[PDB]
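To start, the structure under review is shown below, and the notes come after it.
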Amino acid sequence: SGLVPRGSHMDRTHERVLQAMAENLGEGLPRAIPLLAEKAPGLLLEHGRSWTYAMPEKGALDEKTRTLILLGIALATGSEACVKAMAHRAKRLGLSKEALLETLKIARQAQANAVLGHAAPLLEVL
Amino acid sequence: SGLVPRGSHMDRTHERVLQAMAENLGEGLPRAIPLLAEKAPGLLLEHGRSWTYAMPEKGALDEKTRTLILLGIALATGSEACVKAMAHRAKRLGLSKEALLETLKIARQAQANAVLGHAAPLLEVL
Amino acid sequence: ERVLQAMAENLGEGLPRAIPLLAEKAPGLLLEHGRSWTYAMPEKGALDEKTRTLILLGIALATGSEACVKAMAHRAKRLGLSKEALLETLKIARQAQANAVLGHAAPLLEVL
Amino acid sequence: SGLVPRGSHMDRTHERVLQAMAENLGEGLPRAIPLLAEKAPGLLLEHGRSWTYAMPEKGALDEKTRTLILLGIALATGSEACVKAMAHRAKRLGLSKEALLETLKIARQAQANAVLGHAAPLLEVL
Amino acid sequence: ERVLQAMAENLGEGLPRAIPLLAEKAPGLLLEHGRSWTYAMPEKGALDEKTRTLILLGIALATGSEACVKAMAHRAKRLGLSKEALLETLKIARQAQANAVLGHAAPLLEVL
Amino acid sequence: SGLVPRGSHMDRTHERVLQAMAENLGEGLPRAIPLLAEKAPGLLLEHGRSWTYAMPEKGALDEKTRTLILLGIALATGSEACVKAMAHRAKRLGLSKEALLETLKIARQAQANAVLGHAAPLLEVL
């Protein structure tokens, strides 16, 4: 159920990793992925290895949760490629519209929250 | 189970909102919260209203998931106040060490992912 | 120097810890800092010092620059900016950050 | 006059908020807004409510100052959708070329200022 | 102008869309841009143009500045920087962003 | 020599990675590192593995260049822990005051550069 297949980063070609991402992200596959396959295939496999290290096939959180965390982060940090990728990832996993919209509301709240958290020095002088 | 009580942002004093946050965040309560209570209580209630709008008491995601999304975002954006607040929030909810550590690994992966997503213009010229 | 004195002048307790260090170890950089500041915000320019300060304050809050938030907060108080104006600036920075998340949401909304 | 009508968040539908934003932002309207109107009207209404809470009619700052603060933040944070929206808002409000260019210079200076603000640990060892 | 020509010179297809616009509508800002750049990176300074370019490239990637990533990428290719050096710079920027998350994790780790 | 020993990620415990980081970073060691060693050794080992993957012994760039790139990124992103760590790393490697100050000037210029890079939409309407 992971983004890339069991042990795919251990392959002797970048093909399995690339195929799984194209397959699981569809139109949301970042433009940089095919470019890595072509110009830095080792870095693409390292990308897959690192992804799996963080999110093992049978880990602490389910795929829904992992995807929504990644989606929230992408939105809060303004990573267009990651927002598109996780939105499509979520669609293919069949995550619900209500869950995706709540994630969006949460990312929006988080950014607002951070401003207040950074406001102490200002509040102190009022 | 929410961060602030049912309809607390509708109160005629900021006290319920403040108490619930101090209670639910403990030592992780951001320094700016008490300052808001003192100097801009209306903004503190607006903070609580907005929090509840994004995460209704019976919403699309459970409190564990909401907290981990907020935690991931805080870590990825470097909001020290939000990282401390969500870490304590998670502790009080009894979230597992394995779930928190996986969230940390995910936030770390997300930031690495974003760099690759921003790398297309560079990869294109190699 | 006078670039250092003037800054300690209008910032007080909000003077960034890095400013004295620059004066001590990289005076040329402290002068360049003063020069670029004046280029961006000249005397008798397009905006008054109040608006300039509120814009810098808004940005500092939105970007999480602890040193600039404190510095612009003290600067604002020295200029006599009202509590209402400073709190409105904080609400605006808070909304700007929320606004940017919605601005980045098109790719997600498209798939719903 | 504000970006959206006061109390429009209490409207039966999101129509009034959408029309006001389209009119005031023109070609600068973020593509996300029409999508919210279509798929998450409640969030578009909350967007309007939150906007008017921060910037009420006859508040502490005039629309020119509010717009330049938002534009400065947009440039400093690299929010493309906000830069475009506030530039069009500014144009429609009739803000001067000189004021807008000074805002750009200030946002640029702010980002440079922050780097020096974060330099204490480095200068410390020099 | 020559500040504009020189930039189109060493950046080519990677010249930011904003540079010609500045030349057209805010020439004074384009000159200031050129002046501050030279102040930060003078001829015969502390670092060679290769290192300077890789540092700017690393930063652009880490901060998500699309215009600077493209601009520094083209600049690097014009200077003849090797593919290995540019890919190593990308891996480094990627690691720096990962490093910063761990750097911000103390408050979380403390509660485990 | 690199921040940590090559292949140390395969060590039975995190001890070697921890000792090398403490020695090479000194007082600049982030407080998170000892905590990882105590509570999430696997992540400290992966941190070392990922570090050496990006920066292998005898790679394309020398340690001076690698350190200044990391320092520049740290300053530009406001990562306090990284600024302190790379400043101490630089000092221990014996990097010149002039090189470090030029890196600070470059990071400052980079942040200013980015604002202009994001200004097209605004300049467009001027």
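Starting from 1 in every chain, residues are counted up; chains themselves are A, B, ... following the order of the structure tokens, and ligands are numbered from 1 as listed.
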Inset, instruction - Enumerate, as a ChimeraX atom specification, the complete set of residues in stretch 4-102 of chain A that a backbone-based DSSP assignment places in alpha helix (DSSP H). - result: /A:15-25,32-39,41-54,63-77,80-93,97-102
Inset, instruction - Starting from chain C, keep only residues with some atom at most 12 Å from an atom of chain F, counting only C-alpha atoms, and report them as a list in words. - result: residues 22, 25, 26, 27, 28, 29, 30, 32, 33, 36, 40, 60, 63, 64, 65, 66, 67 and 68 of chain C
Inset, instruction - Quick one: everything within 8 Å of residue B:35, counting only C-alpha atoms, minus sequence neighbours fewer than 5 positions away in the same chain. Send it as an MDAnalysis selection string. - result: (chainID A and resid 120 123:124) or (chainID B and resid 40)
Given the selection you just returned, output its residues as a file containing C-alpha atoms, formatted as an mmCIF file, in the first residue's frame.
```cif
data_model
loop_
_atom_site.group_PDB
_atom_site.id
_atom_site.type_symbol
_atom_site.label_atom_id
_atom_site.label_comp_id
_atom_site.auth_asym_id
_atom_site.auth_seq_id
_atom_site.Cartn_x
_atom_site.Cartn_y
_atom_site.Cartn_z
ATOM 1 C CA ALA A 120 4.962 37.431 21.856
ATOM 2 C CA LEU A 123 2.296 41.595 22.515
ATOM 3 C CA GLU A 124 4.788 42.194 25.317
ATOM 4 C CA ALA B 40 -6.407 41.283 23.108
#
```
Inset, instruction - Give as a PyMOL selection string every residue of chain D that touches chain F within 10 Å, counting only C-alpha atoms. - result: chain D and resi 28+71-72+74-88+90-91+96-98+100-101+104-126
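Rounded to one decimal, atom CA of residue A:29 and atom CA of residue C:111 lie 14.1 Å from each other.
Summary of the local environment: counting only C-alpha atoms, residues at most 8 Å from stretch 11-27 of chain B, other than itself and those fewer than 4 positions away along its chain, are residues 3, 4, 5, 7, 33, 34, 37, 41, 42, 44, 45, 48, 85, 86, 88, 89 and 92 of chain B.
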Go ahead and save the residues from that selection, with N, CA, C and O atoms, as an mmCIF file, in the first residue's frame.
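Writing done, so here's result.cif:
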```cif
data_model
loop_
_atom_site.group_PDB
_atom_site.id
_atom_site.type_symbol
_atom_site.label_atom_id
_atom_site.label_comp_id
_atom_site.auth_asym_id
_atom_site.auth_seq_id
_atom_site.Cartn_x
_atom_site.Cartn_y
_atom_site.Cartn_z
ATOM 1 N N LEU B 3 -9.666 21.026 21.585
ATOM 2 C CA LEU B 3 -8.696 21.829 22.325
ATOM 3 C C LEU B 3 -9.392 22.793 23.272
ATOM 4 O O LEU B 3 -8.866 23.095 24.347
ATOM 5 N N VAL B 4 -10.548 23.305 22.845
ATOM 6 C CA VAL B 4 -11.355 24.212 23.666
ATOM 7 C C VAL B 4 -12.764 23.637 23.729
ATOM 8 O O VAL B 4 -13.207 22.980 22.793
ATOM 9 N N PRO B 5 -13.485 23.887 24.834
ATOM 10 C CA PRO B 5 -14.851 23.396 25.065
ATOM 11 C C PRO B 5 -15.917 23.850 24.070
ATOM 12 O O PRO B 5 -15.752 24.859 23.383
ATOM 13 N N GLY B 7 -18.665 25.588 22.231
ATOM 14 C CA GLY B 7 -19.069 26.989 22.294
ATOM 15 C C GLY B 7 -18.330 27.950 23.216
ATOM 16 O O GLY B 7 -18.846 29.034 23.534
ATOM 17 N N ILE B 33 -0.282 33.183 24.229
ATOM 18 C CA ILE B 33 -1.680 32.994 24.661
ATOM 19 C C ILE B 33 -2.066 33.846 25.891
ATOM 20 O O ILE B 33 -3.050 34.583 25.852
ATOM 21 N N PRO B 34 -1.302 33.750 26.998
ATOM 22 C CA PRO B 34 -1.658 34.572 28.167
ATOM 23 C C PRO B 34 -1.598 36.070 27.824
ATOM 24 O O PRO B 34 -2.376 36.881 28.339
ATOM 25 N N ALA B 37 -4.821 36.961 26.159
ATOM 26 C CA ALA B 37 -5.864 37.041 27.197
ATOM 27 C C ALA B 37 -5.845 38.418 27.860
ATOM 28 O O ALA B 37 -6.885 39.039 28.091
ATOM 29 N N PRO B 41 -8.096 40.066 24.369
ATOM 30 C CA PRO B 41 -8.954 38.910 24.631
ATOM 31 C C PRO B 41 -9.900 38.526 23.485
ATOM 32 O O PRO B 41 -10.201 37.350 23.317
ATOM 33 N N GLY B 42 -10.381 39.519 22.727
ATOM 34 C CA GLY B 42 -11.246 39.252 21.585
ATOM 35 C C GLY B 42 -10.493 38.422 20.549
ATOM 36 O O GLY B 42 -11.066 37.505 19.948
ATOM 37 N N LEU B 44 -8.140 36.351 21.212
ATOM 38 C CA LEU B 44 -7.966 35.004 21.757
ATOM 39 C C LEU B 44 -9.232 34.205 21.475
ATOM 40 O O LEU B 44 -9.166 33.037 21.114
ATOM 41 N N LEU B 45 -10.396 34.828 21.646
ATOM 42 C CA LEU B 45 -11.658 34.119 21.371
ATOM 43 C C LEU B 45 -11.787 33.846 19.870
ATOM 44 O O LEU B 45 -12.345 32.829 19.448
ATOM 45 N N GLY B 48 -9.845 30.842 19.212
ATOM 46 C CA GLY B 48 -10.597 29.641 19.576
ATOM 47 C C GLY B 48 -11.716 29.329 18.592
ATOM 48 O O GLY B 48 -11.965 28.156 18.255
ATOM 49 N N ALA B 85 3.760 23.211 21.604
ATOM 50 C CA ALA B 85 2.360 23.084 21.939
ATOM 51 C C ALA B 85 1.782 21.734 21.488
ATOM 52 O O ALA B 85 1.100 21.048 22.265
ATOM 53 N N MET B 86 2.052 21.333 20.243
ATOM 54 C CA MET B 86 1.506 20.068 19.763
ATOM 55 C C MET B 86 2.178 18.854 20.383
ATOM 56 O O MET B 86 1.565 17.790 20.486
ATOM 57 N N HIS B 88 3.147 18.669 23.511
ATOM 58 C CA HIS B 88 2.494 18.509 24.803
ATOM 59 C C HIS B 88 1.040 18.081 24.644
ATOM 60 O O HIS B 88 0.496 17.314 25.449
ATOM 61 N N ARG B 89 0.410 18.583 23.594
ATOM 62 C CA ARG B 89 -0.964 18.222 23.301
ATOM 63 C C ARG B 89 -0.987 16.706 23.063
ATOM 64 O O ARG B 89 -1.812 15.969 23.628
ATOM 65 N N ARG B 92 -0.490 14.701 26.344
ATOM 66 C CA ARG B 92 -1.709 14.646 27.136
ATOM 67 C C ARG B 92 -2.774 13.749 26.525
ATOM 68 O O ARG B 92 -3.583 13.173 27.248
#
```
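Within 8 Å of residue B:63, once only C-alpha atoms are used and residues closer than 2 positions along the same chain are dropped, the contacting residues are residues 1, 2, 61, 65, 66 and 67 of chain B.
Counting only C-alpha atoms, the residue from E:6, E:31, E:105, E:15 that sits nearest to chain C is E:31.
You will find atom CA of residue D:62 at 27.2 Å from atom CA of residue C:104.
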Neighbouring residues of residue C:14 were defined as those with any atom within 9 Å, considering only C-alpha atoms; residues of the same chain fewer than 6 positions away were excluded. Please report them as an mmCIF file with N, CA, C and O atoms, in the first residue's frame.
```
data_model
loop_
_atom_site.group_PDB
_atom_site.id
_atom_site.type_symbol
_atom_site.label_atom_id
_atom_site.label_comp_id
_atom_site.auth_asym_id
_atom_site.auth_seq_id
_atom_site.Cartn_x
_atom_site.Cartn_y
_atom_site.Cartn_z
ATOM 1 N N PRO A 121 6.852 38.914 21.278
ATOM 2 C CA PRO A 121 7.626 40.155 21.441
ATOM 3 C C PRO A 121 6.817 41.416 21.180
ATOM 4 O O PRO A 121 7.104 42.468 21.739
ATOM 5 N N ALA C 8 20.446 51.929 17.904
ATOM 6 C CA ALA C 8 20.220 51.681 19.322
ATOM 7 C C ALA C 8 19.221 52.746 19.785
ATOM 8 O O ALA C 8 18.392 52.511 20.672
ATOM 9 N N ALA C 67 13.792 38.297 15.601
ATOM 10 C CA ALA C 67 14.534 39.557 15.758
ATOM 11 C C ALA C 67 13.814 40.765 15.166
ATOM 12 O O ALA C 67 13.830 41.858 15.744
ATOM 13 N N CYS C 68 13.179 40.583 14.011
ATOM 14 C CA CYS C 68 12.488 41.708 13.376
ATOM 15 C C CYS C 68 11.164 42.005 14.055
ATOM 16 O O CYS C 68 10.740 43.145 14.098
ATOM 17 N N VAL C 69 10.495 40.985 14.580
ATOM 18 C CA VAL C 69 9.232 41.254 15.258
ATOM 19 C C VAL C 69 9.542 42.132 16.460
ATOM 20 O O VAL C 69 8.928 43.173 16.641
ATOM 21 N N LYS C 70 10.510 41.724 17.272
ATOM 22 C CA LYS C 70 10.851 42.513 18.460
ATOM 23 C C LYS C 70 11.328 43.907 18.068
ATOM 24 O O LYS C 70 10.891 44.910 18.632
ATOM 25 N N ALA C 71 12.202 43.973 17.070
ATOM 26 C CA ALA C 71 12.744 45.251 16.630
ATOM 27 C C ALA C 71 11.682 46.196 16.111
ATOM 28 O O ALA C 71 11.680 47.372 16.462
ATOM 29 N N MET C 72 10.780 45.702 15.271
ATOM 30 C CA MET C 72 9.750 46.571 14.731
ATOM 31 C C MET C 72 8.713 46.915 15.796
ATOM 32 O O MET C 72 8.099 47.984 15.735
ATOM 33 N N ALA C 73 8.512 46.019 16.771
ATOM 34 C CA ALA C 73 7.553 46.298 17.848
ATOM 35 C C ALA C 73 8.033 47.502 18.676
ATOM 36 O O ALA C 73 7.250 48.406 18.996
ATOM 37 N N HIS C 74 9.315 47.497 19.036
ATOM 38 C CA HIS C 74 9.881 48.594 19.825
ATOM 39 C C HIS C 74 9.935 49.882 19.034
ATOM 40 O O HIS C 74 9.705 50.966 19.564
ATOM 41 N N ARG C 75 10.243 49.755 17.754
ATOM 42 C CA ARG C 75 10.298 50.886 16.850
ATOM 43 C C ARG C 75 8.913 51.536 16.790
ATOM 44 O O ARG C 75 8.766 52.766 16.903
#
```
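If only C-alpha atoms are the atoms counted, then among C:35, C:3, C:44, C:53 the closest residue to chain E is C:35.
With only C-alpha atoms as the atoms that count, the minimum distance from chain C to the choices E:38, E:5, E:112, E:16 is reached by E:38.
For the pair atom CA of residue B:43 and atom CA of residue D:36, the separation is 25.7 Å.
Minimum distance to residue A:39 across E:86, E:41, E:46, E:108 (counting only C-alpha atoms) occurs at E:86.
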